[PDB]
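To keep things clear, I will list the structure first and then write my remarks on it.
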There are 2 protein chains.
Amino acid sequence: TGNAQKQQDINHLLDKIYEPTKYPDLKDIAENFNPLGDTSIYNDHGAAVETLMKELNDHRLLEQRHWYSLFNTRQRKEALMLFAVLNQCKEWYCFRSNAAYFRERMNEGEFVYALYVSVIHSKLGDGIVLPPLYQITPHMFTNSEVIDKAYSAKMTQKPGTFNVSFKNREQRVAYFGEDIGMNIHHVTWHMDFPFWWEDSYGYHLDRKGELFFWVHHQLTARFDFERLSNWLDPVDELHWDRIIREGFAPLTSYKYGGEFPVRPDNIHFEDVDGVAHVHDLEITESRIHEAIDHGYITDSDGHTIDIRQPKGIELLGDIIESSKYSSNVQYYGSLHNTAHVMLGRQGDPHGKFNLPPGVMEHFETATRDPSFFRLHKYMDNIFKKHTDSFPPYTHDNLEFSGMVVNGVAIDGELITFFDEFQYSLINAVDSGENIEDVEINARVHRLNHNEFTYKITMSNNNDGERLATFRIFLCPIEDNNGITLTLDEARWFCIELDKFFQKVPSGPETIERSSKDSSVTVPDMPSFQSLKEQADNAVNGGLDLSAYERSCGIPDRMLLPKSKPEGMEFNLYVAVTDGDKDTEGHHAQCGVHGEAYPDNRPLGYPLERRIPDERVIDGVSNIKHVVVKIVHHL
Amino acid sequence: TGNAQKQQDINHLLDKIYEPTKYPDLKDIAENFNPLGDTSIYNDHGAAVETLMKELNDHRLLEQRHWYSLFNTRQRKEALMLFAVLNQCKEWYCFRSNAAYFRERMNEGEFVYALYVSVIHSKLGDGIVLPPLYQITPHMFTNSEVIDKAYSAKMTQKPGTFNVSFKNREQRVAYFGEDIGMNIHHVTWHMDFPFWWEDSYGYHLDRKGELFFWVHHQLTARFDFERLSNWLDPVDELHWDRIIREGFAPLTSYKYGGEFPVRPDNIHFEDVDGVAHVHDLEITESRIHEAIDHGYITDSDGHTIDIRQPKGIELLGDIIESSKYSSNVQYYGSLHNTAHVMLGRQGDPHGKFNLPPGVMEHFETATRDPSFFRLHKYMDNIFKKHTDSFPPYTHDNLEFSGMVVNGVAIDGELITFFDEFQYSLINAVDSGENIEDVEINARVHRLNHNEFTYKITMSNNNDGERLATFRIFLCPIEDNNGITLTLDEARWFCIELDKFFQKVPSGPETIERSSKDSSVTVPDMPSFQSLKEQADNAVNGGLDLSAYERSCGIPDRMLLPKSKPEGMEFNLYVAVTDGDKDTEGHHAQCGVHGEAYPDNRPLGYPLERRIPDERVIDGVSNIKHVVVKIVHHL
Ligand SMILES: [Cu+2]
Ligand SMILES: [Cu+2]
Ligand SMILES: [Cu+2]
Ligand SMILES: [Cu+2]
């Protein structure tokens, strides 16, 4: 073991992935190993192994140097079998071996996918930090131009970094969707808590349901915000009976595959052969919308499982996205997933052209296409229908008697601008042998803000020390019409900025906290070379980069919304609930390994419920709202 | 001079076009020359030169390593200025110089275009054979896959040759449209007789009008035939008020530019910003259709120019395509051309995506897209409306008293199969310096037939030697329903197979002629390396290369249609008209330089007119029809 070992191995595995490995060890392994000759390394007595082999043998596994979408029911199954081996290894000797043996005869997508999920969930992958997808397989995160510029570099053996690109559209709020950080998170989030997880794999992802509800509600919110800042209007909800108003051209290309199919604007949704009928959604949507409206979800037996309770919204998220936690998957089908594949072939439904899958039929690339947000607004208000059926909250309800926020102040400035980043285009260009490596780079333009700190002034009238949950939302104020909405109109529009638990003493305290300590944030990740340089140094000298092991969050750069240059006033919500009942039972942020989500309040507390008369939020001591102002430096 | 010189120079000029020249001579020229210091080499006292310079100087000329469509009113103008210099050179010292000087600071497309047109039309380019576009700029004629396979070859410096590709469509009659020979011809035909020719350039292309009418009538016919052979039905005529039923994905890529924009099926024609309104066509079409119907074309003054005469159909072709021979271009606009650009941006009319031009906005690539033939059927029956207004032909009309065809026979076997061809992908991949040349090749699958000869047996009942025009059409018989049409239904459907003038001696003769001597055919062209090798062998060893210096025709391989394996019976038409009245006045096939078309009969004689009662064709001695049969070897 070690890690600067485990780590090393990983880096080697995912190095120049589109070509047989150049690391000699990996290849004699790749050749001499037999996953079937010491059914003991395996905790299954190698049933997993024996099942991959069988396929690899009848050679009925997807070919190498071919595309792969995680939405392809077979490609998925294959990818997921590698997971299942790697997964029941007792120690490194068995992982390295397989993710070498297979690495060399299994397709790259299945492989990249398999290795990551495996590293993330398997018992055996603690020490490791995974290189950033963007540099491992750059075709999924880089433009088509820069890609070709990189192939030229290589043809000519002349190095250097190319500048990527992005007045005519709404490819004005593009900086958001096309960011390599969001794209990362978006994929990671669904790697952390995959739709395909069976608790057989080892543990149970806790509230994947609410997690699902919430994560998208926030992309959806975060997204709505940016369009605000751009004189753009909140996003249309997608309907199956209407036209797809805003279509786009991605100008993105597959490594092996071709160029992502484009969609024209004002198109009519076609029945796509092999996935499902347009109507098939319409009905699914109905079945869903009836559970919500009845009060119950009905399983396979005709057993009504009640959802007019706290477990409610997850049971709902199980049927909506359609993970395996689904009660009656034969009835409620899979709205979300199908909706993906469904929106993707819109470029070729009967498939007369044999265009590859589309931007939306992939996690590291969906945020790309505009209907992405159109499709999640729709999912969003499916949930809202349920979320909203609860009776508003009472006074006695929000009140954390004693504790009272006196004041809230921002110790700094809220200022956002446009930084510049560089990732490397090397895994993208093929370098054969005895021809050498030319360093080609890609330079992108991403958003950023300035660290700032919070000065939360507040008195614990209670006799002594109480644990407290510091909940901070950033809601909007006006309409982009100039209509000041109402913490009903705006409660749902708010994006979570931070959530943390601090013990409060008996008396006037002044709790301070930084842009940096935010719980919904993750720093940009270490470069690959960086992770190489570092793996290698430990192994030859004698790696606690327990910075980057889990990381569920969004990019720190994305914390605050972009804003206007003129500036705008947002409304800052500081709600301080009672820590002892919250954490009334138990990372725990990235419960990647079965780790029980620590907060018990539902998600978005306490703005997740109808707020009919603001009269109320306003009279609980432990809730306080102060207006902030964000400015954008050009 | 020489030619094995002129030639050499050319080959050098058009080598690895996408990069500054490696031929030292070309560069000191490229540097030291000044197109403005001996205004004497120029027959204009260099007004041309002084106009390019002015642009090159204010640097308002299109950039290098960028795309270019010949449909772009500016790109065209720029391209066409180079033509105008190269054009008024007195000798080689001035051409070489310029097409060196410019070659290095003008864009490649303008440049390639400029050089060819210039070589083709300028007084000074007799000896020369131009390399095949397909190998000069392979991106416009080669797939998107093979192209990438070639970039890989190059990256790794491992040579190869790749096999190109083409059950779900009508990309079953694809072999026709995607052939590198047709594509060549199509562009050449439009280089030979350009729409932009002003007679200031030096001479007058004779019947560009009828030429235009006809050339497209035959692609259109030839095309209809192939679809026959494929259980496919004759092509729909395109309308501006209907859906674009049948769209395609070209899977083709620009060198500098991106991937050609694709079109979804069942699309509605959008008003495309910058080119023209959909309605703008509709009216044009009307104005056109009213000339035809009135009997006259009305010019700018309100002068009615009659067209119910022989000059008729060309005057019509001048206004329809809209060349500069147009009588009232401000009124009849440019249906054909505009229709090209109009159909191309259908992927991006308001241009929100900034997709490059499309397959149809280029001559070496339009035959690609299915609406290509849909758009020419439409143009086709615009002409037919006029062509058909003439009173049928009388008996006394077709009769070449004396001369009488006794019999007609094919002396071979009519057999068409699928050969294999290889062109080179080198100008496509960038090779910088001190990095050496790897030979990469592309292998295509093209149609072919077997030389066969005609055995035309016929007696001269007259008293002593009459000249004769041997006109041979290949008409269809059955419907693809199995209905069997009527040399009215089928007269227009016939493709020209040969046309030649032979002296018929008095009495029983038996003229024989070959597949090879056909007048509507051209052999595949010499390779580039071949043309290099041969150019090069004749500097050093003190070049005829005469077979390919103009070349209007279609590929010999395309002579006969594809057919069925079962075989089908076509109807062979041998009509022998009177040579002395035909050539009653004067290459002359490729009148590229002002050379008066030799035949005087209108075009398609004598099948261009309504044939109401076959009763007639049937009773002129000098017309004879015999059924042939074509078989396809799988
Ligand atoms: Cu997602
Ligand atoms: Cu989603
Ligand atoms: Cu044409
Ligand atoms: Cu045309």
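For the structure tokens, the naming scheme is as follows: chains receive sequential letters (A, B, ...) according to their order of presentation, residues are indexed from 1 within each chain, and ligands are indexed from 1 in presentation order.
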
With DSSP run on the backbone, what are the alpha helix (DSSP H) residues within segment 277-497 of chain B? I'd like them as JSON, numbers by chain. {"B": [278, 279, 280, 281, 282, 283, 284, 285, 286, 287, 288, 289, 290, 291, 292, 293, 294, 312, 313, 314, 315, 316, 317, 335, 336, 337, 338, 339, 340, 341, 342, 343, 344, 371, 372, 373, 374, 375, 376, 377, 378, 379, 380, 381, 382, 383, 384, 385, 386, 387, 395, 396, 397, 398]}

Could you give me, as a tab-separated table, a per-residue list for chain A showing, wherever an atom lies at most 8 Å from an atom of chain B, the closest pair of atoms and their distance in Å to one decimal, using only C-alpha atoms and sorting by chain then residue number from low to high?
residue	atom	partner	partner_atom	distance
A:144	CA	B:258	CA	7.7
A:145	CA	B:258	CA	7.4
A:151	CA	B:151	CA	7.5
A:152	CA	B:430	CA	6.9
A:154	CA	B:155	CA	6.0
A:155	CA	B:155	CA	4.5
A:156	CA	B:432	CA	5.1
A:168	CA	B:352	CA	5.5
A:169	CA	B:352	CA	6.2
A:248	CA	B:353	CA	7.0
A:249	CA	B:353	CA	6.0
A:251	CA	B:258	CA	8.0
A:258	CA	B:145	CA	7.7
A:259	CA	B:259	CA	7.5
A:261	CA	B:262	CA	8.0
A:262	CA	B:262	CA	7.4
A:263	CA	B:264	CA	7.9
A:264	CA	B:347	CA	6.7
A:347	CA	B:264	CA	6.5
A:348	CA	B:264	CA	7.6
A:352	CA	B:168	CA	5.6
A:353	CA	B:249	CA	6.3
A:429	CA	B:155	CA	7.9
A:430	CA	B:155	CA	6.6
A:431	CA	B:156	CA	5.8
A:432	CA	B:156	CA	5.0
A:433	CA	B:156	CA	7.3
A:435	CA	B:156	CA	7.0

Please produce a file of the residues just selected, as a short mmCIF file (atom, residue, chain, number, x, y, z; two decimals), in the first residue's frame, where the atoms kept are C-alpha atoms.
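Listing of selection.cif after writing:
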data_model
loop_
_atom_site.label_atom_id
_atom_site.label_comp_id
_atom_site.auth_asym_id
_atom_site.auth_seq_id
_atom_site.Cartn_x
_atom_site.Cartn_y
_atom_site.Cartn_z
CA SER A 144 -13.60 21.74 -30.78
CA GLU A 145 -11.31 24.53 -31.94
CA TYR A 151 -3.81 18.28 -32.90
CA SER A 152 -1.85 20.75 -35.03
CA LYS A 154 1.26 17.81 -32.07
CA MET A 155 1.49 17.22 -35.84
CA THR A 156 4.22 19.87 -35.88
CA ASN A 168 -26.80 37.37 -30.52
CA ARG A 169 -28.09 35.03 -27.83
CA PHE A 248 -27.98 25.39 -29.60
CA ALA A 249 -24.88 24.18 -31.46
CA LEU A 251 -19.23 23.04 -31.36
CA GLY A 258 -17.38 12.72 -34.29
CA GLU A 259 -18.95 16.07 -33.48
CA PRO A 261 -25.07 16.77 -32.96
CA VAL A 262 -26.62 20.23 -33.02
CA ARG A 263 -30.30 21.15 -32.52
CA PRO A 264 -32.01 23.92 -34.50
CA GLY A 347 -30.79 15.33 -33.63
CA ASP A 348 -31.53 11.80 -34.85
CA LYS A 352 -30.87 7.62 -40.12
CA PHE A 353 -27.63 9.52 -39.69
CA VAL A 429 -3.40 14.25 -28.85
CA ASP A 430 -1.98 10.86 -29.75
CA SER A 431 1.75 10.48 -29.38
CA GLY A 432 2.83 7.01 -30.60
CA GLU A 433 6.37 5.89 -29.80
CA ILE A 435 8.21 10.50 -31.05
#

Could you list the protein, DNA and RNA residues that have any atom within 12 Å of ligand 3, counting only C-alpha atoms and all ligand atoms, and write them as a PyMOL selection string? chain B and resi 182-195+211-220+321+336-337+339-340+360-367+372-373+375-376+379

Who sits within 10 Å of residue 33 of chain B, only C-alpha atoms, same chain under 5 positions skipped, as a VMD selection string: chain B and resid 27 to 28 94 97 to 98 100 to 101

Could you pull the residues within 12 Å of residue 632 of chain B, counting only C-alpha atoms, minus those fewer than 5 positions along the same chain, as an NGL selection string? :B and (229-230 or 413-418 or 447-450 or 560-568)

Test item: residues at most 6 Å from residue 582 of chain A, only C-alpha atoms, excluding those fewer than 3 positions along its chain, as a PyMOL selection string: chain A and resi 579+599-600

Tell me which protein, DNA and RNA residues are within 12 Å of residue 445 of chain B, counting only C-alpha atoms, leaving out same-chain ones fewer than 5 positions away, and put them as a compact mmCIF listing (two decimals) with C-alpha atoms, in the first residue's frame.
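The resulting part-v5.txt:
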# COMPACT_ATOMS: atom_id res chain seq x y z
CA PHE B 162 -7.70 4.54 -45.08
CA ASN B 163 -10.85 3.16 -46.58
CA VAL B 164 -13.69 5.70 -46.83
CA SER B 165 -17.33 4.86 -46.07
CA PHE B 166 -20.23 6.86 -47.62
CA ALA B 174 -24.83 8.16 -52.48
CA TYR B 175 -22.12 6.64 -54.62
CA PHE B 176 -23.22 9.16 -57.25
CA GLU B 178 -20.11 11.70 -53.21
CA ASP B 179 -17.84 10.71 -56.11
CA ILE B 180 -14.63 12.74 -56.42
CA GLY B 181 -15.05 12.77 -60.20
CA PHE B 417 -19.41 -2.60 -61.10
CA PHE B 418 -17.53 -1.03 -58.21
CA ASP B 419 -13.84 -0.33 -58.71
CA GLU B 420 -11.53 1.15 -56.06
CA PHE B 421 -9.57 4.39 -56.14
CA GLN B 422 -6.80 6.08 -54.19
CA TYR B 423 -6.06 9.82 -53.84
CA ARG B 557 -16.88 5.51 -65.00

Where does DSSP see strand (DSSP E or B) in segment 290-516 of chain A, if you list the residues as a PyMOL selection string? chain A and resi 296-298+304-306+404-411+415-418+421-424+440-444+447-449+453-459+466-475+495-504+509-514

List the spatial neighbours of residue 494 of chain B as a VMD selection string - criterion: any atom at most 8 Å away, only C-alpha atoms, same-chain residues fewer than 5 positions off excluded. chain B and resid 221 473 to 476

For a test of reading the model, state the distance in Å between atom CA of residue 580 of chain A and atom CA of residue 549 of chain A, rounded to one decimal.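 Between atom CA of residue 580 of chain A and atom CA of residue 549 of chain A the gap works out to 28.6 Å.
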
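The interatomic distance for the pair atom CA of residue 254 of chain A and atom CA of residue 139 of chain A works out to 5.8 Å.
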
A:2, A:202, A:602, A:464: which is nearest residue 309 of chain A, counting only C-alpha atoms? A:602

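Note that atom CA of residue 209 of chain A and atom CA of residue 622 of chain A are 28.6 Å apart.
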
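Between ligand 2 and the candidates A:487, A:377, A:629, A:66, the tightest atom-to-atom separation, counting only C-alpha atoms and all ligand atoms, involves A:377.
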